[PDB]
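One structure is given below, represented as structure tokens, and several questions about it will come after.
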Amino acid sequence: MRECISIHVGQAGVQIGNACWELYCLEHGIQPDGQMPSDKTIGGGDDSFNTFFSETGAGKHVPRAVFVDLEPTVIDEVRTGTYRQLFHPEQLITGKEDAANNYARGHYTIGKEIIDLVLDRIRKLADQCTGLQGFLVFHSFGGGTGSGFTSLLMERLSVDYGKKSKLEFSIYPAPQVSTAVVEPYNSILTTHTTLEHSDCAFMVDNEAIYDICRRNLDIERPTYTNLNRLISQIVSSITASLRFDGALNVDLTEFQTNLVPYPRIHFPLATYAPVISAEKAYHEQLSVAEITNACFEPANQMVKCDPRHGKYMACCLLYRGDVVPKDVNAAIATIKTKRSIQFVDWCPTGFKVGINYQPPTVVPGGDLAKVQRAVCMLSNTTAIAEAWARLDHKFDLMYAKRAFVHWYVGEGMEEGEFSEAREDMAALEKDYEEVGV
Amino acid sequence: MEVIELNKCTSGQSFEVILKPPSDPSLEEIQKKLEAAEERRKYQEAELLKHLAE
Amino acid sequence: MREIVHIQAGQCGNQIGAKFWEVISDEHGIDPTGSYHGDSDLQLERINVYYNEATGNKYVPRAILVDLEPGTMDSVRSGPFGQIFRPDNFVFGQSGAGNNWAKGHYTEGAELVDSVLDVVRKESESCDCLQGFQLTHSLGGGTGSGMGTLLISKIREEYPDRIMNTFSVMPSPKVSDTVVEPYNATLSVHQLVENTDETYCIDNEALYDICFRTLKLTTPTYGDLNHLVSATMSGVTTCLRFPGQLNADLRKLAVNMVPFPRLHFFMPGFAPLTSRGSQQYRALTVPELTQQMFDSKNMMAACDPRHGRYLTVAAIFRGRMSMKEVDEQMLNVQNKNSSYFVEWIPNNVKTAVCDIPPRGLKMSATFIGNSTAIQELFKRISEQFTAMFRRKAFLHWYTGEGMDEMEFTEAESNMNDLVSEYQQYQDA
Amino acid sequence: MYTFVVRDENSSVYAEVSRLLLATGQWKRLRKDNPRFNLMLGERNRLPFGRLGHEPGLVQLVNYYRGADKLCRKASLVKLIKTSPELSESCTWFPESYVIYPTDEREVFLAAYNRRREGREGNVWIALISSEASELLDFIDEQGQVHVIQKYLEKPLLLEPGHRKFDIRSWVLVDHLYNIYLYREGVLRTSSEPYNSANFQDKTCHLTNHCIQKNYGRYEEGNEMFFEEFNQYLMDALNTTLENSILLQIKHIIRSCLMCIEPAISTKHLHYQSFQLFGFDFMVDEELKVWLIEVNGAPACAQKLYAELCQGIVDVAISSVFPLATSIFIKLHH
């Protein structure tokens, strides 16, 4: 058994963190007070769930989570919320004033005065670990804390824990839900500083999640709660193999091995099916063939892009529910003949399949319906570079006139770092181009 | 077509299916960069307080 | 980022300032004695932003009342809500500034300024997290203009890392007290360009025209003008005063509205435009609010937005309405009139919905625009300035207080620079 | 009011389309860099498909299909026909073609070249047209770019009087729903000089391109014979109609080519939508058999037919997605 520490940075990181830990607790049968009736080894053990939960002599199961925000408001709702007993206050770190949507304010100014405190509380969780494998980091590309502080944390975690793997869950900015106009600036700045320090990163485009909620959940104007409950399902699918008995993706090192051959190209596309409204009367339950086919529809992806006009490097299929290998291979065979799936010459055309027999758990009273079988596809496709191109063009439009730049410089940053971050992105866009066509 | 590496348990099962074969900065450097921006901030506040004193 | 310190200076500053506290105290359910008699808990959740906690549950406005004349400040104290203000925060001289910027800035105001700063310091020390400062004042008189900008300069020395916000009332020959108003305004703008993060440009010309052409009042008083001011002041502060989708503060507003540090002069706008007392009974639909708030007739600065381009826009809808429809209408305006929003700031319009409507209206919309059309306001002041200055007229009022001709030339230059800076991005 | 952008300056077809849209008083043209459009008339190279369908409150449409270059580039067209099961290795309507790189399928090319030597028959190829393979291979390496070596049609159909060569151009519009619309009016791009069987050196009588011809305009204006006159010639000289002898095969080739690429290029469940005008180039032999030469991504229209075709593009490709305040096409059923 090898333990994992979850770090939740900024509003987006914290609220998604809350959504995930709520779901994990329902999945493992852990109550809001921290008691787990099914658990027989009281105050100890090295089971698969112990990767994410440590134990106390009283019998409480405490998350291996640290929540960090430069502003009290959001984490105060975790301190007073229905899962208050689940965490001990030392895990929940708050500041006084936030990074005001400024990368430089979160990285340089407010980053400096809190970095040592956070790493100390991270070390507090790492000392309880018999053999820590590494970190799962939850943040937004767009916010000041989410971009600025996360990249400084990723710099320091590489120094203090060089042997350990680091995985990212990142919220890519969308104008339909965005907080700030400078989110393209923050996104490019944070990617440049985090690229060397991140082993595998899962981008979630808020646009995709928003439109899935409108189309498939019938929600007119999706709130963060609507988006996060959906995001948490996808995150749960990805982490399931670390928390349960299985043989695919059992440790964080295997995520690199299975999904990332080129170390810079470490952004797998996630696709999830099916998303069905709970207030929908009469739903015909979708088969293995139908849900696997839905993994190749752009409208089901976490980032909108076209995988047909790109190449694959790796492909994982992660099923939850009533699924057998025979049905999977039958589904794969039909899809291969009917769709454009192109792999790179230096990789085997193939899939790595993982099935967990337990059907996905939905939060009671939530928007998602209980389903007999579900699937998350994780594919490393060059098509995801579309998201980088979109973001780079918006960056180029603003930066050409030097708009908003003075806010960053005013916090100690240099104008050169903007062009340095953009040159790395231009290099990354070329990397995808070479592998692509 | 070929179904390999099949592992089973009570929780579920996993396998690979192959269709076709193929054809860091230091602690010192971080503290330096962070302080370099703190110096550039302090120069900007000093040039503000100099201008206001005038 | 909780506490804001409000300062009101001179006749106009105190009169619009009193109306502000009158309006927002009604919205937060506070009576003229300081006690909370509201029904919703949403009224109290962000009350600390403008009000200081007191024993017995009493709430006191974080407001400092500044004047060089005791006249207007006695009118506040004997006025409708005047009993709510902390009595110590009434800081006044005796002589007055006689509509003279130099008297406010250099002579009479210098004598009184340290007393105000002692009250500022006392209010700042209570604050858990001081967000910054907001000033209400006119730019055409002597106290609010001269002393007001002297305060801003001094506050920025003591608190260099805090946001400075102004509600600045622009002079107009249509609503004019003295001929020297274009002198006083140019000297003030010179100060505002350097020392503020955000300025809401409230033009007296625009407020007159709204009262004349739209509200049908043939001879409007200052009370009719200030009704429009306080309703706009209510709307622009709604997001700071109430919980929403966004955690809204002054710095975040500055980061997102101001692409270049000198270009921080905002066009306020309100819909629907109402006159005093008499109520409209028909509530406006979401498409009607969106059409009106972007309409020139609803702008609080006498500039045609079609003559310039929008750098950034902040909009706030108040009342129980479809948030889907708000999004649809806001996107419709942008896509129908795409040329009037700069292409080099992507997604430059942000919109918020607050459930609580203002007194008397079922649903309303408040507009905050950083348009390049604001140059017309500064050009108008520049033209009126030059007309007198080329003959050095009325200048003896200022030279007699120690001011040089060079200081006028410098201020004329900086404002003309600001105009050409706004012109640069209109064509880019 | 709908909004569009123009990003192709040279496009003679879409210059007429942009002109017609503005004239309806329901369409406004924007600046090139404006992202807030309904329609995009895009560039020929490096078209930013990844930026499309990401503007909330806007239905976005483009006049190009991403991936359509597979059909429109000569080297890729050969690869598509040879690899696609739908097309098959044995394609009746496509001339024997091989892809050759300069310093590849050279050994497959030379082995087929031996079959024409073993039977001692017509062994003439096109890249310039030469009889010997050792003279053609020197030309490809001399240029630098990748060239297609194709079996030359030695016995083509020849118009009378004049003994003239020709090629048929068909204009096809694939809409947003993947309806395949063939325009009823085609054109024959005709040779003016009589066809020479032994002399392959002369390039005027062998190549029938409009630019190379400009003998010019002797038999018909601008070397262009339209669909009414050509049908009449076939009726008199051969006792057959254009519909039966030629057009059924053309409809078969167009439909076969576009059905092949449909799963790869379709915008049915995409965030942005695509249409495209294609120009199909055909060759008729002596026995009235139609052969496909190439497919064109940005085809030019014939001068007479600009007014009608460009209105057609607006009607079924544009106004079907963006409605306003008999048909000139034949729908190819699938």
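Things worth noting here:
A, B, C and D are the chain letters, set down in written order, and residue numbers restart from 1 in every chain.
The rule we apply is simple: contacts are C-beta pairs under 8 Å (C-beta built on N, C-alpha and C of every residue); 3 or more make two chains touch, one makes a residue touch a chain.
More contacting C-beta pairs link the chains of A-D than the other of the two pairs C-D and A-D. Remark: subunit C and subunit D have CA centroids separated by 64 Å (rounded to whole angstrom).
Look at where the CA atoms of subunit B average out and do the same for subunit D: the two points lie 49 Å apart.
A separation of 43 Å divides the Cα centre of subunit B from that of subunit C.
Annotation for subunit D: residues touching 2 or more other chains are 33, 56. Among all residues of subunit A, those that touch two or more other chains are 175-176, 397.
Subunit C has residues 327, 343, 346 in contact with two or more other chains. This structure has the following touching chain pairs: A-B, A-C, A-D, B-C, C-D. By the touch criterion given at the top, residues 153, 156-157, 160 of subunit C touch subunit B in their complex. Within the complex formed with subunit A, the residues of subunit B that make contact are 1, 3, 5-7, 9-27, 30, 34, 36-41, 44. For subunit D in complex with subunit A, the touching residues are 33, 48-51, 53-54, 56, 66-67, 263-265, 269-271. The touching residues of subunit C, when paired with subunit D in their complex, are 327-328, 331-332, 334-336, 338-339, 343, 346. Listing the residues of subunit A that touch subunit D in their complex gives 175-176, 207, 297-299, 304-306, 308-309, 338-340, 385-387, 389-390, 393, 397.
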